[PDB]
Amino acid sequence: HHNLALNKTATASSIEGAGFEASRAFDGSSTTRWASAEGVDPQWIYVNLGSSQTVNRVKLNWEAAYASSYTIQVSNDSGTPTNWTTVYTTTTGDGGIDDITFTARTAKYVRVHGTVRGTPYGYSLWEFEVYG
């Protein structure tokens, strides 16, 4: 299906270093990843879809450094987003592929906001896809 987030501009709370930029979660490749700084909660990444779009599904392909507690959230702010609406919450994530369908919302930005890690590293996504 049509990934509204592919090669759109992304912003993350931190990155581990060059090569693990936020943008690497939006390139279509499962051999490139965003990775956060390590050893510190929370972390987050959001994508700017470029305009207000209908959104109803997020598909996360986590790397091994996954979030076991995270939320998916949306914002229809026009400027730099600080108003987030949570559409999904878990404390039992186990990484791999999370394919999360929610009641459709109108959104310009979609955020993954992680608070507990499944590893002692950071948070890391091969790909973060959005549909709607």
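Start at 1 with the first residue shown and count on from there.
Higher mean CA temperature factor, per the PDB entry, when comparing 48 to 56 with 30 to 38: 48 to 56. Ranking 116, 18, 25, 112 by Cα temperature factor from the entry places 18 first. In this PDB entry, the Cα temperature factor of residue 69 sits in the bottom third of its chain's modelled residues, the lowest group. Remark: residue 86 belongs to the middle third of its chain, ranked by C-alpha B-factor as recorded. Placement of the Cα temperature factor of residue 75 within the chain: middle third of the modelled residues, per the deposited record.
In the PDB entry, a CA B factor belonging to the middle third of its chain's modelled residues is recorded for residue 11.
In the PDB entry, residue 100 places in the lowest third of its chain by CA B-factor.
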